[PDB]
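# Notes for the structure review
Each chain, written out:
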Amino acid sequence: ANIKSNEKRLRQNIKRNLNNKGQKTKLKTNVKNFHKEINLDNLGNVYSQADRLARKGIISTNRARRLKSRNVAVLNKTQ
Amino acid sequence: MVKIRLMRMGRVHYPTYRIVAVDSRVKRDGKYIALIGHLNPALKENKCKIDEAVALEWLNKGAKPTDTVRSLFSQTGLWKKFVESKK
Amino acid sequence: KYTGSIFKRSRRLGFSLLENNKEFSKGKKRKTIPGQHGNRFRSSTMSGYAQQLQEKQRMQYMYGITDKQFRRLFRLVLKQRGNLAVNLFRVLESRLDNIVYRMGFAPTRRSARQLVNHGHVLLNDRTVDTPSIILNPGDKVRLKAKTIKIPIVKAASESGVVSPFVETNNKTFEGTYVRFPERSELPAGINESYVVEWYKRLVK
Amino acid sequence: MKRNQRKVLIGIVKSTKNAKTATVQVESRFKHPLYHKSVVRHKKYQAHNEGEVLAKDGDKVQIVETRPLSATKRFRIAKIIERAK
RNA sequence: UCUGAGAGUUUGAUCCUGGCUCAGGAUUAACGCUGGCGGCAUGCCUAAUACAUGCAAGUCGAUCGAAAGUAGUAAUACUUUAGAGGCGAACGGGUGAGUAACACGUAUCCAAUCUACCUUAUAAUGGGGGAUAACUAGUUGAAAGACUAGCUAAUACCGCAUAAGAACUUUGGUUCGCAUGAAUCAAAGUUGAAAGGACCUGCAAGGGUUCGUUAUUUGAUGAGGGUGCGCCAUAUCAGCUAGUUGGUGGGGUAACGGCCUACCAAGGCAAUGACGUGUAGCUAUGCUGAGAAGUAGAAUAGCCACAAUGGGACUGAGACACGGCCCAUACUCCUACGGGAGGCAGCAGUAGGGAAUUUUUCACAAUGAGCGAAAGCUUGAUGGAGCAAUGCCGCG
RNA sequence: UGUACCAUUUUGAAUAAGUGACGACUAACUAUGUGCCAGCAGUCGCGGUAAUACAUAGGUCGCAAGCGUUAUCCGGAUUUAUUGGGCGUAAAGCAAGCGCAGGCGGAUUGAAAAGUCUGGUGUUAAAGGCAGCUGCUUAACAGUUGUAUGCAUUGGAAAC
Ligand SMILES: [Mg+2]
Ligand SMILES: [Mg+2]
Ligand SMILES: [Mg+2]
Ligand SMILES: [Mg+2]
Ligand SMILES: [Mg+2]
Ligand SMILES: [Mg+2]
Ligand SMILES: [Mg+2]
Ligand SMILES: [Mg+2]
Ligand SMILES: [Mg+2]
Ligand SMILES: [Mg+2]
Ligand SMILES: [Mg+2]
Ligand SMILES: [Mg+2]
Ligand SMILES: [Mg+2]
Ligand SMILES: [Mg+2]
Ligand SMILES: [Mg+2]
Ligand SMILES: [Mg+2]
Ligand SMILES: [Mg+2]
Ligand SMILES: [Mg+2]
Ligand SMILES: [Mg+2]
Ligand SMILES: [Mg+2]
Ligand SMILES: [Mg+2]
Ligand SMILES: [Mg+2]
Ligand SMILES: [Mg+2]
Ligand SMILES: [Mg+2]
Ligand SMILES: [Mg+2]
Ligand SMILES: [Mg+2]
Ligand SMILES: [Mg+2]
Ligand SMILES: [Mg+2]
Ligand SMILES: [Mg+2]
Ligand SMILES: [Mg+2]
Ligand SMILES: [Mg+2]
Ligand SMILES: [Mg+2]
Ligand SMILES: [Mg+2]
Ligand SMILES: [Mg+2]
Ligand SMILES: [Mg+2]
């Protein structure tokens, strides 16, 4: 009543979830740091992490795009 | 990922196929997109009444044929026309 | 599959197989409706339904046809162009065993049917076993060869008495048929066209 | 260029008692399925008076569909003929 | 060029209004009597009741370490796979419970969207690092397993150098649109990639084909949303609705959106039928009718919804996933009493309900599907063969 | 699957007929028994000691590897009448009036073109229906070609 393919897929996606959760938390903390101490330097890090996640497919590329756009809007408004 | 393939509309102990442009994931004997031409295994001669126009259009669009379909295109000579139009 | 009392049925309907072999007989020359209640009054004034049914029964017993086959043939003929009073007569007369009878190679229609079922008959370019194939004038219905030597072949090859609408080319038993039978060749046993209307009502 | 054209509806404003809205009403003469006679119907669509159009009560207004601005709001106002009320 | 038949019955007898009944077709049919065969087609309409048992999605050693077996003095050759990895398991198959509404049919708008493999075209595929499966040893057990410490490999994972073109912005131009608003530049700033395998040649160096990978470009298919119209009965259901209606800022979603949030307002639907109750998957179609249309939504095909009941989520292009995962409920079963296992509305089959509806079968041989270069492998999809006068047709 | 099918292969009518009805609608009648009893029935209705309606037999009729009975759906039913009915005496005109909304509405001119008519285009999946043809010994069946309806857009007509 069980399939080796299904079991192996579960065992793989556990590790994949761990790694992807780590990356997403890193992105969250970087964007939070940017918003906390707004500075044009942190926007670059936000860009890098969002783009890397969007390529890897962990995050939706359109969400990465909207994050970039809204952070740039905040920066342009403040400067 | 449309795929020119066959489809059965015969009866018990008497098959009859139709070459048709249809999607990969849709069941055999289901819904299709464009009709190419019928075929009888026991038609002796001219077993595949081929169209040669919308079939070429769909392979130009990127349809992936099957083994039997490629064979049918081959005896008539549609594979030559496709390859030379590609070139 | 057929009745075994053709004498009784011929005496009831009043019409034999166009030869009166089942009416002349060798006894009593009886031409009355069968059963004890045969010599009674109330002869005419048959209802419309009664006479339609009697005529239909005569028609579909003259050839040994099941009523369901009759409905099938009528549904086949009805859709075409228009008034097919010249087409459905050919349709009814085009039976294979009937054509064998009018060919003259069997003593009786159902005996010809038995021979056809047993496979002593050929076709234009094939062989036929079922005694219901619809024929068309032009097919060379050549008879078998191993059936020409059977102890009962004399009256079969004595086909010189033949209908004009079946042409044999005598002594060659080619037995084709052209010049479809007319109402003259379809005698007064059943010559009516409101059986068509009865089947129009009872069959859509 | 070539651009697909939206569907249009012409109606008369029935009420307007909110912020940037106008509940317009559109009539139609659909035939009856069986007795085959025209029947007058009434449906109250909604639109927004974003600006430059105002379109107060009693104003005969043309209406063009749009992507949904909110729940139950999918229409916007356009040219206004017979300005009254 | 369509195209329609009637009769019996109230009276002592007649005419009319008027109800009942019959003559014709048809079914996923059942029952009684009887029964020979063949060609096609159909065969749990009830308990979305419960299930014993055996099968129903795997594949690749031409991605990778190891292990085993057969040969070989050895070096080594061949075969096989427990495991890592890639792709597929979201297709295909079944059922119609739920659902009276954008569920479905039709016509459209997506200036408000996504799309793996596929098609066309265009740049690269350079160089490093840390780990863990398999294995070893110990603890715990009958075993399932589980925990702890070391050892490895890559097309697994993470950095770095580099952007032909990409994404997000700045500067002004172009052409403008349907109101938000889209389309194209020239320059600039910021951000951003990966992986090699097989084989051939070449003393070597090097070169080459192919599969595959990263970044793009073109279509196509597929998925999602919005709207007009059509789509049951009932007034012996007259008010319903407080995220309900609208506005501002922000968040979230592939996307617009009270989808969500904080603030400010009181609106929105409703006698042209809201809301309530009952019932039902919708459609192409089947049967009937001269026609308008009546009726059932067999088989099959399109779409929707479900997988014992009720929720949540990971991976992924795509699921909130029938035979993947977590939790609760109910039920059944195993135990050596600590703990566990389970979901036939997949193919046969059992119990039960019923008037009533079948093999506990063979083959991937063709068609189709997935992996693979092929060898092939898997395919209860599919093709056959059993059973049944269940229906049409045919013969005795 | 040694299956469909074929042959001068041995034997041999040998291996094969039921069901309903018979007073009228509805094609098809006599006798025996019972005697308002036993029973039949879709409707009218049969049975009270001469039953063609009950039970049996004989005969005959309708179908046939099927025949009857039951259930449901349509027609016949113009019996919810748009096509296609009625309201004095047969079911049906509110007890009468003032009347909002709705339905209908005098004559002529102009404009537009929402209904109406017509041309082009897109679509209405395949299968199914109808017409033609081919293949199964013909058929049932399979395949193949043609074949409408509605919606939307655009271009004209202006009688209502
Ligand atoms: Mg607004
Ligand atoms: Mg708003
Ligand atoms: Mg009387
Ligand atoms: Mg069921
Ligand atoms: Mg292995
Ligand atoms: Mg599925
Ligand atoms: Mg199926
Ligand atoms: Mg239901
Ligand atoms: Mg993938
Ligand atoms: Mg390494
Ligand atoms: Mg990698
Ligand atoms: Mg970098
Ligand atoms: Mg009628
Ligand atoms: Mg169905
Ligand atoms: Mg069903
Ligand atoms: Mg269950
Ligand atoms: Mg994901
Ligand atoms: Mg299962
Ligand atoms: Mg699964
Ligand atoms: Mg089953
Ligand atoms: Mg196969
Ligand atoms: Mg049968
Ligand atoms: Mg028959
Ligand atoms: Mg009786
Ligand atoms: Mg009697
Ligand atoms: Mg009627
Ligand atoms: Mg009735
Ligand atoms: Mg009347
Ligand atoms: Mg009265
Ligand atoms: Mg009065
Ligand atoms: Mg009165
Ligand atoms: Mg008045
Ligand atoms: Mg008024
Ligand atoms: Mg169609
Ligand atoms: Mg057909």
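As presented, residues are numbered from 1 along each chain according to the written sequence, a scheme that may differ from that of the entry, and residues lacking coordinates are left out. Lettering of chains starts at A and numbering of ligands starts at 1, both following the order in which they are written. Every figure given here refers to the displayed chains, which form just one part of a larger assembly. Side-chain measures were taken over the full set of non-hydrogen atoms in the model, leaving aside hydrogen atoms and water.

For this coordinate set, the PDB header names cryo-EM as the determination method and states a resolution of 3.2 Å.

Residue and element names in this part refer to chain D. Pairing between strands is defined by DSSP: at least two bridges between them are needed. Runs of E in the DSSP output that reach at least two residues are strands. Runs of H or I that reach at least four are helices, and both are numbered from the N terminus. Sheet topology note: the strand 1 (residues 8-15)/strand 4 (residues 60-70) ladder contains 5 bridges and is antiparallel. Its bridge partner being in strand 4, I10 is matched across the sheet by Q62. Of the strand pairs in this sheet, strand 4 and strand 5 (residues 73-80) are connected by 5 bridges, and their pairing is antiparallel. Residue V64 lies in a different strand from strand 5, and its bridge partner there is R76.

The next thing to look at is the protein's contact with RNA strand E. Around RNA strand E there are 100 residues in total, and A:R66, B:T68, C:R72, D:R3 and D:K73 lie nearest to it. We call a residue near a molecule or strand when any one of its heavy atoms sits within 4 Å of it. Within 4 Å of the protein, the contacting atoms of RNA strand E are 80% sugar and phosphate, with bases supplying the remainder. With respect to RNA strand E, the side chain of A:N2 contributes an N or O atom lying 3.4 Å from a phosphate oxygen. A distance of 2.7 Å separates a phosphate oxygen of RNA strand E from a polar atom in the backbone of B:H13. Ranked by residue count, the leading element in the surface near RNA strand E is helix 1 (residues 4-36) of chain A, at 11 residues. Distance and chemistry together define a polar contact, namely a pair of N or O atoms within 3.5 Å, with one atom able to donate a hydrogen and the other to accept it when in protein, and with adjacent residues in sequence counting only for side-chain atoms on both sides.

Further remarks concern the arrangement of the chains. Whether two residues are in contact is decided by their heavy atoms, any of which lying within 4.5 Å being enough. These two, chain B and chain D, are apart from each other, with no contact and a minimum C-alpha gap of 24 Å. The closest approach of any C-alpha atom in chain C to one in chain D is 29 Å; the two make no contact.

This paragraph deals with a nonpolar patch on the surface. Residue and element names in this part refer to chain A. What goes into a patch is any residue over 30% in relative accessible area without a salt bridge, connected to like charges within 9 Å or, for nonpolar side chains (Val, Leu, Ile, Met, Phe, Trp, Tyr), within 5 Å. Each accessible area value is a Shrake-Rupley result obtained with a 1.4 Å probe; residue values ignore everything except the protein chains displayed when judging cover. Here a salt bridge means any side-chain nitrogen of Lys or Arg lying within 4 Å of a carboxyl oxygen belonging to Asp or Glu. On the surface, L10, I14 and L18 cluster together into a nonpolar patch covering about 290 Å² of accessible area. Inspection of the secondary structure puts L10 in helix 1. Residue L10 is classed as partly exposed on the basis of its relative accessible area, which comes to 48%. Throughout this description, buried means an accessible area under 20% of the type-specific maximum (1.4 Å probe, protein chains only), exposed means over 50%, and partly exposed covers the range between.

The next subject is the sheet that holds strand 1 of chain D. Taken together, 5 strands build a closed barrel; the order of strands is 1-2-3-5-4 (chain D) and the barrel is mixed. Here the average twist between neighbouring strands, direction ignored, is 60°. Axis definition: a line fit to C-alpha positions, over the contact stretch in the case of helices; interaxial angles, taken between N-to-C directions, run 0 to 180 degrees.

Okay, helix 1 of chain A next. Residue and element names in this part refer to chain A. To estimate how far a helix should extend, the number of its residues minus one is multiplied by 1.5 Å. If you check helix 1, its first and last C-alpha atoms are 48 Å apart, about what 33 residues at 1.5 Å a residue would give, namely 48 Å. Burial in helix 1 covers these residues: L27, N30, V31 and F34. Where helix 1 is buried, its residues touch helix 2 (40-56) and helix 3 (61-78).

With that out of the way, let us pick up the layout of surface pockets. All names here are of chain C. Computed from the structure, the largest pocket encloses a volume of approximately 940 Å³. Counting only elements with at least two residues in the lining of the largest pocket, the list comes to helix 1 (6-13), helix 2 (21-24), helix 3 (48-62), helix 6 (96-103) and helix 7 (109-118). Sorting elements by how many residues they give to the lining of the largest pocket places helix 1 first, with 4 residues. Residue classes in the lining of the largest pocket are distributed as 15 nonpolar, 10 polar and 10 charged. When residues of the lining of the largest pocket are sorted by domain, at least three fall in each of domain 1 (6-91 + 188-198) and domain 2 (92-183). If you add up the space inside the second largest pocket, you get close to 460 Å³. A pocket here means an open set of points on a 1 Å grid, computed over the protein atoms alone, that has protein on both sides within 12 Å along at least five of seven lines. A cavity is instead a set of points where a 1.4 Å probe fits but cannot get out; residues with an atom within 4 Å of a point line either one. Taken together, 16 residues line the second largest pocket, and the ones lying closest to its centre are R12, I33, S43, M46 and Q54. Grid points are joined across faces, edges and corners, and a volume is the space filled by probe spheres set on the points. Side-chain classes follow a simple rule in which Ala, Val, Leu, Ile, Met, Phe, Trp, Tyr, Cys and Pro form the nonpolar group, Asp, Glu, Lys and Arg form the charged group, and the remainder, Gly included, forms the polar group. Throughout the structure description, domain borders are defined by an automatic or database domain assignment.

Let us now look at the pairing of strand 5 of chain D. All names here are of chain D. The pairing of strand 3 (residues 41-48) with strand 5 spans 2 bridges and is parallel. Looking across to strand 5, one finds that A47 is bridged to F75. Taking the residues between adjacent antiparallel strands as the criterion, strand 4 and strand 5 are bridged by 2 residues, where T72 takes a positive phi near 65°.

Moving on to helix 1 (residues 54-61) of chain B. Residues and elements named next belong to chain B. Every buried residue of helix 1 is listed here: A55, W58 and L59. The arc that holds the buried residues of helix 1, viewed along the axis, is 100°, so those residues lie on one side. Along helix 1, the residues that are exposed and aim more than 90 degrees away from the buried face are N60 and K61. Lining the buried residues of helix 1 we find strand 1 (2-5), strand 2 (17-23), strand 3 (34-39), helix 2 (67-76) and helix 3 (78-86). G62 sits one or two residues past helix 1 and shows a positive phi near 125°. This arc is taken over the directions from the axis of the helix to the C-beta atoms.

Geometry of a packed helix pair, given as the angle between the helix axes and the separation of the axes. Residue and element names in this part refer to chain C. As a packed pair, helix 3 and helix 9 (residues 194-202) sit with axes 9 Å apart at the nearest point and diverge in direction by 105°. Looking at the two axes, helix 3 sits roughly perpendicular to helix 9. Contacts from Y49, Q51, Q52, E55 and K56 in helix 3 reach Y194, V195, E197, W198 and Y199 in helix 9. The class makeup of the residues in the contact of helix 3 with helix 9 is 5 nonpolar, 2 polar and 3 charged. Between 65 and 115 degrees an angle is taken as roughly perpendicular, under 35 as roughly parallel, over 145 as roughly antiparallel, and anywhere else as oblique.

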